[PDB]
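> Have a look at this one before I ask anything.
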Amino acid sequence: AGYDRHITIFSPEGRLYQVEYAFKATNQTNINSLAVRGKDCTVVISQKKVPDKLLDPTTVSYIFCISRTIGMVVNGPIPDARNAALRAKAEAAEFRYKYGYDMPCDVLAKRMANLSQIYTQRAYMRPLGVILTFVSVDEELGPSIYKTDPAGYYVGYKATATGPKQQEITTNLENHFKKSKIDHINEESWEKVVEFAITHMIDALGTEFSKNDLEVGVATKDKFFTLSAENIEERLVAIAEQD
Amino acid sequence: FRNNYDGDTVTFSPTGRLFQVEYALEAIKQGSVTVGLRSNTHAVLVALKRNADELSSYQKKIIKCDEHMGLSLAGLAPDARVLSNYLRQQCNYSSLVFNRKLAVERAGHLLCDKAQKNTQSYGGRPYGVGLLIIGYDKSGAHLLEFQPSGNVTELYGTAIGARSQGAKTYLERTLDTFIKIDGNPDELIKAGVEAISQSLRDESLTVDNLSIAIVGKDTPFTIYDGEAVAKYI
Amino acid sequence: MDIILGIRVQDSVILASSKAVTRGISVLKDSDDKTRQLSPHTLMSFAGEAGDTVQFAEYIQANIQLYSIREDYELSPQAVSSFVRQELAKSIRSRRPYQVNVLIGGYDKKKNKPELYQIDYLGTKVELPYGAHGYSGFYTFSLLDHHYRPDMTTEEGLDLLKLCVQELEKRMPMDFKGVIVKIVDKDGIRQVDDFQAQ
Amino acid sequence: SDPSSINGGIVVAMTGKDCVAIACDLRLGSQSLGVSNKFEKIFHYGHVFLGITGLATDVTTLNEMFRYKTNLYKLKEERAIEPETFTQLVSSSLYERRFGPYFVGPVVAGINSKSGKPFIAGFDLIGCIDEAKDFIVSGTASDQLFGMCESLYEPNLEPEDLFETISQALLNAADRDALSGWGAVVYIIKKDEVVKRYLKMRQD
Amino acid sequence: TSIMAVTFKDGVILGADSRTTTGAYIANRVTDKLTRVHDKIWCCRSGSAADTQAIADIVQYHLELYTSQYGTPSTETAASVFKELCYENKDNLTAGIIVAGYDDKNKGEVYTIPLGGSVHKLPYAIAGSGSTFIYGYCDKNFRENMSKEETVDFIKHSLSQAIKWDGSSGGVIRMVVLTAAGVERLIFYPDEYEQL
Amino acid sequence: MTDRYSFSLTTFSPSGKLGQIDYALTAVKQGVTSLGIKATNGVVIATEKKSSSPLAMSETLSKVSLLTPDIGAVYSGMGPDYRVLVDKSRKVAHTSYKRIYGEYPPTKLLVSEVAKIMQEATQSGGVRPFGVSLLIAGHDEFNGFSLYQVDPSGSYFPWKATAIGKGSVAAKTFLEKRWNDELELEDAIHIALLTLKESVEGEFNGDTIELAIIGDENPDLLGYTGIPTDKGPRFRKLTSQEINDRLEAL
Amino acid sequence: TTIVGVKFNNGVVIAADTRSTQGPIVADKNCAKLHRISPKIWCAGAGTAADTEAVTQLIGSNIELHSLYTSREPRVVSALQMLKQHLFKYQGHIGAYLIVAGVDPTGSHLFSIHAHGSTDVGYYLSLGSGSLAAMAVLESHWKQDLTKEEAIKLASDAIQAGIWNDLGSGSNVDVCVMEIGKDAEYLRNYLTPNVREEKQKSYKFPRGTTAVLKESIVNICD
Amino acid sequence: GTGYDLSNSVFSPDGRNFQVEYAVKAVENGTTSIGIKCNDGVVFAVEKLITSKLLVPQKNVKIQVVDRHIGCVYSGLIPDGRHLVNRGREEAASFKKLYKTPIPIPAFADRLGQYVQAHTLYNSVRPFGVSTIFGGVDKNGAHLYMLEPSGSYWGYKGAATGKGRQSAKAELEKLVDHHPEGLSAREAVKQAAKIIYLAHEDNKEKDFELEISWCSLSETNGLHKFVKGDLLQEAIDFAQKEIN
Amino acid sequence: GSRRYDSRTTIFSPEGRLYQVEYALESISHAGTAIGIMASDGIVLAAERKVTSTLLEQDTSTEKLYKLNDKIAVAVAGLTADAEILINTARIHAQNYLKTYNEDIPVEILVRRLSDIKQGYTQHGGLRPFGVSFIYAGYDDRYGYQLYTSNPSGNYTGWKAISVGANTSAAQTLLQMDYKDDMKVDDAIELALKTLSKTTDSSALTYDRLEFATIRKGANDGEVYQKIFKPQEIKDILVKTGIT
């Protein structure tokens, strides 16, 4: 009877504790991420914390290139993170082969979301303790942000944030939009949009960053790529000459 | 505590233990003693056969796997039949397909992997038997110790079963001596009988109670029982 | 082929089936009964491939008897013939089809009327006053088309058969070794042991 | 050899003024041997009629299949199936056996109970639908039937006239075919009534 | 069909005629037999249009998934996926395929995969019904490390002869240049190459 | 690996209850209100778009889904379950009907298929029931307009009007007072907007409300011309603008 | 059968004859060889009638489901890929030969698919037994940048070439116009150049001409 | 409530998987093993406790090779380790068969990773009871990795696991700071022998046997090989000296 | 593994009882009452609609009476969804019988099959049983009018009159009190409505809370007819029997 808390069946309150505990695992990495939409680009920023000195910093990342156009940032443990990334890459390649065109960011999100919904209904499958943020510049929809959780839920965003201090970053962004009145960063270049993202990340968290404290991904028409420590440094220097 | 983590082999105890495997390991300790030792020219097995009544027979402890390989068991007899039969198939396959005698070291790896599969999946149970494997291949004489945990180890000599610590200490003491007993099987066997008797208590090794096997340079794995072991008691 | 004849008269169905069993150059038996009783008021005759013939007849007998026990009732002849057609129709598109033709003669105790069904290995079923499988039909259909009447008695029917059998013994190529005649009516199934000179 | 010429037989359907007619011969033979002169090839489920030429065994089977399907259709839909719908059911049922087809030549006839519109349709053995506004032929004497129909026919014939026309097409077509004939039945279908008639024809 | 791939100083160039036939009828006179399976790995197709299309489509899918997981695939790796598909299904395929790719370290590479499913890495390769007629010509006119211009000319001459003698070849001559500079498509018309 | 949960996760309790289904029903109760109203010439289904972050674009999500050109659905409960139920429902309308008869299934039958899918999740091994209740409205030539409710148990019933979710009790009582067998579609739509207003806390406009109808055929939404018998879908989702216009005559 | 495809400045148009045959007999004098895969993706089919129909409905059905799932307009390439992979899976046993055209978010498209699974792309295409008669017209009058009206005339003329010179073709001309910004327009029987002349006599028989043996009413009501 | 640690794929209220954490206990209880990434390859070393004089010296080899360019060493349940290497070998064979090229170390890592992660997804299986250090040389240099029972893995400059993991990590960090320019394969071998000797103090009760293998572009031609004979004894002497 | 969450729906109690079956029956007992009364010239089915409203569309509703054949129908008590699963297989079974024998399926044969299906979920599969009880009303030429009943256990029996669902005890007593072997359909129709009326947990017994059906051999024909009364037809009969 007290097992409605070990597998995905309903509790008397109509709740699914395993799903809730999965959400809890998403913060395990203690890292925040956020995405914003440019005029015709999409940017995702994520904190990067490599404590051990024995690690090769270049092999640590929670950002993934799922396809030429889709990028994915993951909030949660790396093994579940990688399981999700491999699956999405597979789904992306197959879709292209079967339907003749590149899988849209929102479609991949729905597909991964549906997959998660299943781990929510079938007992032998556990949910993945991760939140996935997919981004791209869709050929039909333009800049896109779609995020999925361990509950099989997903929606499109003007911008979004995920992690332990999600609320701080969200309200910060909310405010900026309540002000600008537009649902995107009216900036032509992605560098300036990356700068906007890091700027507000600093403001909301009340913290300064070095080139090794962040991870950046950018999605433009027909290409998603990540920035290098140096690309970032150049971005950080720029925000420094404004404050 | 333990009672909550020993219901199957797919559960770790809070300290990283696998009790079902451990309980299996116990079956071996409750089994009759058997010794294994080797020189550079021969490998020998000596086993104490246990009987039920004085009206029953003494259950065999040694099994031949191929002309150059064989083993002695301690624990669940059925599991030994399953494992030795699998060792026979592997020896057979090596010959038929590659015209190659299966190396003792390989037999050990194969055994380890087979045992392992029954300690990580639901529904299966670990094997409840220990095995001492002797053989003579392209690298000489060999002795392996097989535990149901999947751990297989090459040694100069060893012993498993009840009161086995006796023979083991003795072999660990005689080491520099028996390992040099080359070209003289009778001497190596006597060292084996002396090792085993170090684990006696209940009685003394008789003719229909002692079991010995040997393999080596020009000696196909052969078992000795009854009258055949008389000249050693 | 073997001779398989059936004729439905006023209150009964009469089946006649050749007694020869020839294999290549030799007639092995001359008293073979090419029939199986499916139930007390339903008789089936058969002809075709060496092994399929009996395997099929017996397989059906087993099923009808099973139905009888389970339901403690006897299926109508119409129902039995439908079950038989279904089985053959499945067969025709299976890996190795049953190469068997059959005549089903039964007495429907509920309607109180005799019935005759002709069914080939393809699952072709038709109900008729008289039927035949194989080459016999080439001589007997026009014969009966001439000498047949609906209200005939069982005795008249047997004479109608004697007429058919004689024509067959006169014109057919093979020596079928005569026939075995059986009658199905309100009282069940019986064999006319005296036709070798009736 | 040719499964479609083992048993023989023909079917034909025609549209008239607020009516439809479908007819068939009664022969069932085996090559040259005529076996039964009572083998009707027309069936009906509710107010929808289906004629089937070809291999007798498949003719019987498809009938039993469509009865089975139309019965459940009525149970679940709570209304009898219509001609247009049935045509699709027939088409998909046949194509389901695309590579091991039933050797038949189905023909559907009927009046849509809601629109009152007359309907007829033909199919090849794997389901291709031919929906004609005038007539549909099928069977071993289909060539003769095409000749008779393309000539005799004219639009909006009254039920009494359509009967004459569809009967003359059938009768004369069957008489030029060794595998068709041996009797015939004609159906005259109107919204309110359906008349069945057995024609008198040569018996050779 | 007349197809070929030639390595030269700056990379590699693929060439092909544009004829597809069903008997003596030209089902398509402007066919594009030069197919892309990756940014700088292309192939020349010959044999069954249906078979080579289906194989290329699958190789492209495999390389896309490969890239998602382990970065850029080598030309060798692409030639291996083709080969695996062609060998394993040799009883149901009629695909003579040439694989050509440009790599920064290896420069240009050419792998020919004939009917049986074997693979052959060469300086250049010719294939298709039209290839038989230019074995001598190509053997006598090929040189290693030619320049882009010399290579385009070699291919233009070779294929015009193949088109000249083979009824299954013809239409326009298509080329694809693969170098560190990128991907360049070339097309030549009858009026130009016929009189070479 | 291999699902070893081949046994039922929903069983009978001594009292005769099927807990998992009751609990599923409970989850439905907690969901955002949704309702359906059948008129003489149409049906209307609506719900509130409870945006879960002002940064989220509520248009990217639809609680009201088209199943066939003459059938729509809305729900209350677990949105992710509903989403997959929509995909299955659209597919089954095809695999079990259009591919057989070459025409879309009548409302009651599709509802029947959906309902079956839910019943199976109540007895099959290794699964939990779906945490949603559906409201399906549609039209078909021989049955006209209809409205159905499908619960986690797999049970379904026909309605003149009704509501499920959060404030269903209040909403139902309100619908009983305003409904009559003479309502025109516009009337039903008006009544729907009124009923929903009580259940909405904050903003109430065409951007926080989602409403669709099953009414006349929309040849203008077909995408092509030329086939007389093809007249267009009866299903139509109202636009934000279309909603605000009606809110002014509220 | 004669089916064709022709691209024009702002779209694509396809046409087909309406004859169906079984050997030398016309099975259907007016069947429709133009199938709708989606509102703006149409397909002209040749070869084995039932095969073109079945494969056309199957992919059409999947396109609809895909469209609903992705909330996007179907693309011609998707139909092309789903069809070819299906046809290839069947090693040509499904006798379908098709010309698939349409307009979608990426523009206007013209393709052809053969029973074995190969596809082709072009500005003008023809398939079927009338393939050559049609293509000769196309090769004779096609030019780059045609107007919707010019394209329809060219396509329609090509179909006629088959109707008149190919015994496997005849009757009417069906057309479908797919223009980049509008609804697709299907023109069933756009041309009817083979109306049968008035018969010489009426063969209406005098009632009673047919000899009847027996009669009866049939029960339809349950 | 409680009991969130009796079944594998179960999440505790704080989002943990206790069965995995318990697996780690079996790993920490194991022999110490390490990996050092030099400037053109990687060096592997492990502690082999001598339970008794009866174990034939140099005979129970722990380090395992995958394909011809990859080395693997692990601590914890040895049988679980072999099981994982068997999967790696199949994994590497499947990759080569299709892509021709021997498997790149990074790709190999994720292959082991997904597999180990898979064993934390169901209650019908048990997580791996080993942490594995592996790597080799490929098209783009040398790579060193360590994989945990959770399925987690990252690239390392130096890595250690087992009983004396702390001593080792301390020592490895020292090397890193005193060699920003890089360490050579020859040096990594000696330093490895030392780190093992030092880390042996957390088990100074039983006597041990050292084992080292290496994969270096300049020393082994990119192929994985065991350090035997003189180069080995030489490393032992270098350690035995600095241990005093 | 999974064994931990297995309810074991198919086991005996120490008293030799089948738990789930018992509990399912316990569920049925709270379901709307359904009554079946068999007369000499016909059969009657009447059920009480559980849970109703002003808004419930009754003309399109059916939650207790289902047509299985042209000669067979059933009344349901329990989970409607579970019943539909069984109902549909019963419909297929009847058509299979017809297709095979070219004769309508004998009523008992249909009932036995459906009962066998229920029985199965009782002996194997680890799945819960169907929470349903059926009253079968049918006619065939071998036994004429028949009335059967099947419950979750898979057992079935024949009756002259019977009820399933709630207040069956009270209802059975009332039936066993006024039933007479020589009843006429109309007599049965009245006895049925009176019983429901006295067992109803509701205020009054109105038409909107009932489903009615009869299987009579309309003399002016010779064939049997099934009639599932419509809302008005029930409203009429209700006023006549004197319940207005």
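Protein chains in written order, with the entry's author numbering: chain G, 6 to 34, 34A, 35 to 143, 14A, 144 to 179, 17A to 17E, 18A to 18D, 184, 18G to 18H, 18M, 186 to 218, 220 to 240; chain E, 4 to 60, 63 to 180, 18A to 18F, 183 to 204, 206 to 207, 2B to 2E, 210 to 233; chain J, -1, 1 to 90, 90A to 90B, 91 to 105, 10A to 10C, 106 to 181, 183 to 193; chain I, -8 to -1, 1 to 36, 38 to 105, 10A to 10C, 106 to 122, 12A, 123 to 179, 181 to 194; chain N, 1 to 70, 72 to 92, 94 to 105, 10A to 10B, 106 to 181, 183 to 187, 18A to 18J; chain A, 4 to 102, 10A, 103 to 147, 14A, 148 to 200, 202 to 209, 20A, 210 to 217, 21A to 21B, 21D to 21P, 218 to 236; chain H, 1 to 91, 93 to 105, 10A, 106 to 187, 189 to 223; chain F, 5 to 180, 18A to 18F, 184 to 199, 201 to 206, 20B to 20C, 207 to 218, 21A to 21C, 219 to 241; chain B, 4 to 63, 63A, 64 to 144, 14A, 145 to 200, 202 to 204, 20A to 20B, 205 to 216, 21A to 21B, 217 to 218, 21C to 21D, 219, 21E, 220 to 239.
Where a beta carbon is used, it is the ideal one built from N, C-alpha and C, also for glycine.
When you compare the CB of E:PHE18C with every CB in chain F, is at least one pair closer than 8 angstroms?
no
> With 16 as the cutoff for other CB atoms within 10 Å, does I:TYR95 come out buried or exposed?
buried
> Put F:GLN68 into one of helix, strand or coil per three-state DSSP.
It is a strand residue.
> One question on the structure: do H:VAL121 and H:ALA97 come within less than 8 angstroms of each other, judged by their Cβ atoms?
Not in contact: H:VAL121 and H:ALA97 (Cβ atoms no closer than 8 angstroms).
> So for F:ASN205, helix, strand or coil by DSSP?
helix
> Would you list the residues sitting across from I:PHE42 in a DSSP beta bridge?
I:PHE42 pairs with I:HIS36, I:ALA102.
> With DSSP as the reference, identify every bridge partner of E:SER77, one or two as the case may be.
E:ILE67, E:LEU137
> Give every residue of the same chain whose Cβ lies closer than 6 angstroms to the Cβ of N:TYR66, excluding the five residues on either side of it in the sequence, and list them in chain order.
For N:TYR66, where only same-chain residues beyond five positions count, the Cβ hits under 6 angstroms are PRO74.
> Whole beta strand (DSSP E) runs in the region 50 to 118 of chain F with 3 or more residues, listed along the chain?
68 to 70, 74 to 80
> So, for J:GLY183: in the same chain, excluding its five sequence neighbours on each side, which residues have a beta-carbon less than 7 angstroms away from its beta-carbon?
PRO39, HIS40
> Does G:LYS220 get closer than 8 angstroms to chain N when you measure Cβ to Cβ?
no
> Around the Cβ of I:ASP166, are there at least 16 other Cβ atoms within 10 angstroms (buried) or fewer (exposed)?
Classification for I:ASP166: buried.
> Can you pull the chain N neighbours of G:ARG100, defined as C-beta to C-beta under 9 angstroms?
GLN60, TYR61, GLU64
> Using beta carbons (cut-off 8 angstroms, strictly below), is B:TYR14A in contact with chain G?
no
> Listing by chain order, which chain I residues have their CB less than 9 angstroms from the CB of H:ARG75?
Residues of chain I whose Cβ lies closer than 9 angstroms to the Cβ of H:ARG75 do not exist; the shortest such Cβ separation is about 27 angstroms.
> In chain C, which residues lie with their C-beta within 7 angstroms of the C-beta of G:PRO146?
The displayed structure is made up of protein chains G, E, J, I, N, A, H, F and B, and chain C is not among them.
> Tell me the residue span of the alpha helix (DSSP H) that contains H:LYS29.
From DSSP, H:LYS29 is part of no alpha helix (DSSP H); its letter is neither H nor E.
> Grab me the residues of N:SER46's own chain with a C-beta within less than 6 angstroms of its C-beta, minus the 5 sequence neighbours each way, in chain order.
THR1, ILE3, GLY98, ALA127, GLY128
> So the beta strand (DSSP E) I:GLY8 belongs to, where does it begin and stop?
2 to 8
> With distances taken Cα to Cα, identify the nearest neighbour of E:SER77 among E:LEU189, E:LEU107, E:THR2B, E:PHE221.
E:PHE221
> Is the region 21 to 39 of chain A in contact with the region 80 to 90 of chain A, if contact means three or more CB pairs nearer than 8 angstroms?
yes
> Suppose you measure from the CA of N:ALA80 to the CA of E:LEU115; what does that come to, to the nearest Å?
37 angstroms
> If you measure beta-carbon to beta-carbon, which residues of the region 135 to 164 of chain F are closer than 7 angstroms to chain G?
Going along the region 135 to 164 of chain F in chain order, one finds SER154, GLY155, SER156, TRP158, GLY159, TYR160, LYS161, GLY162, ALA163 with a Cβ nearer than 7 angstroms to chain G.
> Where DSSP assigns a beta bridge to G:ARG126, which residues make up the other side?
A:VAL129
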